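Quick note: numbers below take in every heavy atom, side chains included, and nothing from hydrogens, waters or symmetry partners. Every chain is numbered from 1 and lettered A, B, ... according to where its sequence line falls, protein lines coming before strand lines.
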Number of protein chains: 2
Amino acid sequence: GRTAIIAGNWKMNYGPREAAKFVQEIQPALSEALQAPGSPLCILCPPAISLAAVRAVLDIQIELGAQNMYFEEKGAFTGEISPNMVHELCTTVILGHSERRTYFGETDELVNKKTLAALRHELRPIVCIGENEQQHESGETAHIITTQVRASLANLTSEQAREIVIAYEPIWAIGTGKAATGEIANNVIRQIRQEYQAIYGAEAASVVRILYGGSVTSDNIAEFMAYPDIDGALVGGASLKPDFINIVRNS
Amino acid sequence: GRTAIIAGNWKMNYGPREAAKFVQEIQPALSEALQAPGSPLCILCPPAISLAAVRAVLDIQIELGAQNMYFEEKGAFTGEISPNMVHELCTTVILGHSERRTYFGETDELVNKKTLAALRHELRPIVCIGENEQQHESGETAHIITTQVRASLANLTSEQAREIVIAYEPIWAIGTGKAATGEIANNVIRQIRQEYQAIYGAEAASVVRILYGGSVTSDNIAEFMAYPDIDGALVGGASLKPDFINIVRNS
């Protein structure tokens, strides 16, 4: 009984002009696809500099999300944007993406601070967790998942524990064109739900949305969505293409 | 014979709506102040999410800059914006601010990559260097400056060596309300110019703009501008206030 979510992470692609053109291309068909019963919630996550341009196209329902923010209300953090700023244009924010954990040193602790800040500003956080190739090959997947859930998804109230979205993204599946099999994704996503249950209780774990990310296309989205525990997808490179519409159709 | 620069670093203040309102407040007086002979180049650097809103107010000359960007053209860097994106809305980008070096781990090497990327996309980089309180108290200021110049400002062609802007910002002067004295700022800024000369030659060092940052207000801007080697200022908290106009007047 969980509403499914298809979220498009554009990453660092499409500046203001290109972002507006892309949404002008996909919006008529995407909006019509989302009118069908059982359609997912659909969120576009452009670069922050391009949010206003996309907002202007959409305002002439597809929701808008940011790819990152900082956790303080305001202040002396050159280069950062605040939850208040994001909320002016967006319903949603991606947090803890593996690219930010690896290239920019983001920790579980920092991700949790951003997660609480999102929730306390009426933003939907999509919190990314996942193991890398070496951890997966050495059998450490379960331990990594447990550690990341307990730290990144800490401190939630019962009501908030219902509002967050978790995205499982095997780092070995990102941009490689090698998605996890549905069986592997389901196995780990059920572990995430179990760990969530351990902290927050059975009811909260039954309402939290958990997505799969990592080389999702319209060709394999149905393979993941067939599992009851998989509630949607965080889409990477395909979110830059019209195939994003067909992911929504096939979800 | 160097054109002076007054750049306003808003840091993580003023979302889209607030940014537009602030520029609507200051733009008539600021534009009139900039009409006077000998006025500096004036650059506003709002949060990236707020650039479009400020652009729309200005386009109904004050230039616009970003507070940070990444150095690749595009790609799988969730949360980052590219030089191509920044150039659509901005002439300028702040790089290597001490808040990014300290809180977000940016290195001289990463700053240099961003600096070359700015220059190769016809953006003016404002590259921030500076020592902290402990380094200053222990007499290491000169060594820190030399290290940061040689690494952050490496790889420049002769033409580029003329286009960059350097900002000296004693970290102990940021947001503390305790600016450096004009004598201290001038002493270190002359060292920066000397180190630049060591690498790039006397002519390049004579054209590069070097700004002072750190608790600049309209009350002390003239103290810094009196020195021939100080070419302007990177303004922090005062850039959020109408005093920014009076900094321009007194520069």
Are B/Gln135 and B/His143 linked by a side-chain donor-acceptor pair shorter than 3.5 Å?
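No - no donor-acceptor pair under 3.5 Å links their side chains.
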
Donor-acceptor pair, side chain of [X] and main chain of [Y], under 3.5 angstrom:
X        : Y        : result
A/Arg2   : A/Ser206 : yes
B/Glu223 : B/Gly182 : yes
A/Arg193 : A/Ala205 : yes
A/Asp59  : A/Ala56  : no
B/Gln27  : B/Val57  : no
B/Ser215 : B/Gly177 : yes
B/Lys114 : B/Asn68  : no
A/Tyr212 : A/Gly214 : yes
B/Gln148 : B/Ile145 : no

In terms of relative ring orientation, are A/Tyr200 and A/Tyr196 parallel, tilted or perpendicular, with 30° and 60° separating the classes?
tilted

Rounded distance (nearest 0.5 Å) linking atom [atom1] of [X] with atom [atom2] of [Y]:
X        : Y        : atom1 : atom2 : value
A/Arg209 : A/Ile166 : CZ    : CD1   : 10.5 Å
A/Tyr168 : A/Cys128 : OH    : SG    : 12.5 Å
B/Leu51  : B/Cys90  : CG    : SG    : 4.5 Å
B/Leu234 : B/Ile210 : CG    : CD1   : 14.0 Å
A/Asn112 : A/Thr107 : CG    : OG1   : 9.5 Å
B/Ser50  : B/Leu44  : OG    : CG    : 12.0 Å

Basic-acidic side-chain contact under 4.0 Å: A/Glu72, A/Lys113:
no

Any side-chain heavy-atom pair of B/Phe77 and A/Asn13 under 4.5 Å:
no

Is the ring centre of A/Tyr70 less than 6.0 Å from the ring centre of B/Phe104?
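They qualify: ring centres under 6.0 Å apart.
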
Partner of A/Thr78 by side-chain hydrogen bond (donor to acceptor under 3.5 Å, both in side chains), out of B/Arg101, B/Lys11, B/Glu99
B/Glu99

